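Chemist: below: the sequence, then the experimentally determined structure.
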There are 2 protein chains.
Amino acid sequence: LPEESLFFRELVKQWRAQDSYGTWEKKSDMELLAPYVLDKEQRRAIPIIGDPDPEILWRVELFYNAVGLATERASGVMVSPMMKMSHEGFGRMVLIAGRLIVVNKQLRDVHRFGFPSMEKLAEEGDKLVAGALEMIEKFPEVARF
Amino acid sequence: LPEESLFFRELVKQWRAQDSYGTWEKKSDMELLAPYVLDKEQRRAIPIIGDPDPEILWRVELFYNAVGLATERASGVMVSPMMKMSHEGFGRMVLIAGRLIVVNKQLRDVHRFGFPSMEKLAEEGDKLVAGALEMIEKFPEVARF
């Protein structure tokens, strides 16, 4: 159930935290996160010209923030992102626990960031948390350094 | 001897590599790196207003590039930087070997980046390489991941 994903709950919480004035308080959690969703073909048609819109960069940042906070909830180890955009839709995102890189991602075509359904959004976030947990388990002294 | 520091030699090499047209080919290596040097009091007087000049950011970037390449020369493990500047003279610089953060630095007052003498520049770069080597030695499977 999407609403029972640790990642999903952390993503809802990330967006509620940005809403300082409670402007979206009447929106359901699913409406709040609906911008992460768009069907395959529409998303693949989006060009890669210049820098992605800042709105897209916020979505990506908060998405990885949510992976980090879900990983901490499942492990007790703090996990924080560091993103560095390169030339255009290219960049790098790492998630760091202590001195351990628990998620490493070379980002491309960032303008097209999105998922075909809310269920798929949750599933992909969950996969990232699973990978991060696997790394912390293999190298716990580095994760807690 | 400054010229026998692995870090120092890598820093010379970094700057020679930027000089596509060989404009500084007649400058000695020490003249080439002299911008990294300025006496204590002049450097401490520099204000922290807005973003540091891009020239300063290049000096910092190539400095950490040199730490990474010296570390690889002494270990056989590739080590690459990732910097992310924050609000003003604040930022973060990590050096990554595999999935291991071998150098972690919270940068502040970056506008004031510099050293009191060429010898001191080499000595401080050498300390960073030493620390990076110590990390790779403790966690070699993470360093080569």
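Modeler: Everything's here; your move. Numbering: from 1, shown residues only, chains lettered A, B, ... in the order given.
Chemist: quick check: the gap between the nearest residue to residue A:97 once chain neighbours are set aside and residue B:136.
Modeler: Spatial nearest neighbour of residue A:97, excluding adjacent residues (CB to CB, 6 or more residues apart in numbering or on different chains): residue A:143 at 4.2 Å. Using the backbone N, CA and C atoms, a C-beta is placed for each residue, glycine as well. Using CB to CB, to the nearest Å, residue A:143 is found at 17 Å from residue B:136.
Chemist: and what of residue A:68?
Modeler: From residue A:68 to residue B:136 the distance is 25 Å (CB to CB).
Chemist: same check on residue A:75?
Modeler: Separation of residue A:75 from residue B:136 (CB to CB) stands at 25 Å.
Chemist: more crowded one of these two?
Modeler: residue B:136 (23 against 19; other CB atoms under 10 Å in any protein chain shown).
Chemist: can you pull the contacts of that one?
Modeler: By CB atoms under 8 Å, 6 or more residues apart in numbering or on different chains, residue B:136 lies in contact with B:71, B:75, B:77, B:97, B:100, B:102, B:143.
Chemist: how about the residue positioned nearest the centre of chain A, nearest residue that isn't a chain neighbour?
Modeler: Geometric centre of chain A, nearest residue: residue A:63, 2.0 Å, by CA atoms, centre = their mean. In this structure, residue A:63 finds its nearest non-sequential neighbour in residue A:11, 6.5 Å apart by CB to CB, 6+ apart.
Chemist: so the one you found makes contact with residue A:64?
Modeler: No. Contact criterion CB atoms under 8 Å: residue A:11 and residue A:64 do not qualify, at 10.0 Å.
Chemist: quick one: which of these two has more around it?
Modeler: The neighbour count for residue A:11 versus residue A:64, taken as other CB under 10 Å, is higher for residue A:11 (27 against 24).
Chemist: next, the contact list for the more buried one, please.
Modeler: By CB under 8 Å, 6+ apart, residue A:11 lies in contact with A:33, A:62, A:63, A:66, A:121, A:125.
Chemist: residue numbers of chain A in contact with chain B?
Modeler: Within chain A, the positions adjacent to chain B are A:82-84, A:92, A:94, A:96, A:99-102, A:104, A:135, A:139, A:141-142 by CB under 8 Å from any CB of the partner chain.
Chemist: just these: which are in strands?
Modeler: A:82, A:83, A:84, A:92, A:94, A:96, A:100, A:101, A:102, A:104 (DSSP state E).
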